[PDB]
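Read the single chain below, which is given as structure tokens and is the form deposited in one PDB entry.
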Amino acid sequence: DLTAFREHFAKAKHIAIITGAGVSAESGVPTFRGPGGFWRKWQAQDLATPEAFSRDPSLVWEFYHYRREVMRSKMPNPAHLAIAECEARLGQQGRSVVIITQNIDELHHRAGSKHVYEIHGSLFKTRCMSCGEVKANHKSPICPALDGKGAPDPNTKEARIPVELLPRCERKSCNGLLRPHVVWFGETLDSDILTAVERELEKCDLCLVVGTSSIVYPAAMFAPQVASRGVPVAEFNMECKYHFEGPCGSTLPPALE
């Protein structure tokens, strides 16, 4: 019931919106998981691991370079936009909106959202393997050796880039190998981010779960905490307290206007 949801929306002073893979899938963002979602001969399970990076950093960087570069042609969708406009509009009224996203593509930021927690990191951040520095990086290509590399076609040869020519840390003294600042399979979420998320979720008086569900990770980490405060939760997804079935780019903008 959209009207009942909107009655809560009109009164809520602090909205937390959790976004999952569904909202990035509607922008056409490949993630390489499952049904013939291949990059050359591999899937994300093979590459998005510290062991793959340790064994073949050039191959893993080709894969991340490809992913960075495809984002030039993948755009924010109406769900991203509605969420950013809603944040701006409510902020002007002294009402707060925060986004907790599992997505690493920065589409929320390209849509105009400010208060965003990236629990899995970003394709457009690097972390230095040596000094640990995390930095924004949108450079195309990230390093000259990767220029024109990363093609997904199974026939493509490996670039076999020497490790010293992959992205390096720019502090002259350091020059460590950079890795994508993304949470890989088998790795832990950042505790500081989770603390901040918990504070937002404790404060919130309405919670939306978009392009994933309350019962799965990562929403399942916190959604019980919010439900037990008596706080309404509204789901927007394509799956079987409120639930709006369909593509988020159709359902969300009318709910948030």
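The term rigid core refers to the maximal set of C-alpha atoms that superpose within 1.5 Å between the two forms. We number the residues from 1 along the sequence you see.
The form deposited in another entry is left out here; the points below concern that form.
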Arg33: CA shift of at least 2 Å between the shown form and the other one after core fit? yes
Could you check whether the CA atom of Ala196 moves 2 Å or more between the shown form and the other one, using the rigid core for the fit? no
Tell me, please, whether between the shown form and the other one the C-alpha of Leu206 is shifted by 2 Å or more, with the rigid core used for superposition. no
Per the comparison in that other deposited form, the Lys13 and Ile215 C-alpha atoms (change 3 Å or more) are positioned farther
Using the form shown as baseline, tell whether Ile215 and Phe9 are closer or farther in Cα-Cα distance in that other deposited form, where the change reaches 3 Å or more. farther
